[PDB]
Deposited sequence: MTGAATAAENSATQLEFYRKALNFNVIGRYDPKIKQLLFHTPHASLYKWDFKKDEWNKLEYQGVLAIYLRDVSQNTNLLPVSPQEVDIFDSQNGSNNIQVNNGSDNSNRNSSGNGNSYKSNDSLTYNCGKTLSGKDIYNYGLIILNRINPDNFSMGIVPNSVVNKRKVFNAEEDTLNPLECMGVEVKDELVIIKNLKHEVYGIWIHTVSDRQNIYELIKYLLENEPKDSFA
């Protein structure tokens, strides 16, 4: 799998949920209105994190195959974000957070984070593309962990 390897970088990993051998990362530029290629390409994994206040119940990581670079992204379920907005309006007012989102446009799995930054991930295995999309959607639409 890749549990130990990810464990080196994220000590809180509890269970690896999905991984694909080749995924390439891009970032949307709202000014130029285009996709900028980022320095990350390699193994892509999505995993459950032990978060017994860390709001990142899940994590997404891209580990470069030809160099040591790693890209890490936290995945926060909508329920956690909405709960913070309702029962913790103060902290949010200070550090405004919005619900993350995911969509498939063209060949890219597009993800919006808590700060409305948008990333694009290219995955070869077309079957993996749909699986990662459904998995992230599921992780965002349901109540945390298991």
{"query": "Deposited-sequence ranges lacking C-alpha coordinates, in sequence order", "finding": "1 to 21, 74 to 134, 229 to 231"}
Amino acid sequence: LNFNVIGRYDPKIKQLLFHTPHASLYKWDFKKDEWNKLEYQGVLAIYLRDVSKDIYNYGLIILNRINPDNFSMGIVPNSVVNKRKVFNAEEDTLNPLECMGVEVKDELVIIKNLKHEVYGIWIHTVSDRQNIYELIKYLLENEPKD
From here on, numbers count along this sequence of modelled residues.
{"property": "Entry-level comparison of average CA B-factors, 14 to 22 and 121 to 129, reporting the higher stretch", "result": "121 to 129"}
{"property": "40 to 48 or 106 to 114, whichever carries the higher mean Cα B-factor", "result": "106 to 114"}
{"property": "Selection from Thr93, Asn82, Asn64, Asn57 [criterion: highest C-alpha temperature factor in the record]", "result": "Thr93"}
{"property": "CA B-factor ranking of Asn70, expressed as a third of its chain", "result": "middle"}
{"property": "Where the record places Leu140 (Cα B-factor, split into thirds across the chain)", "result": "lowest"}
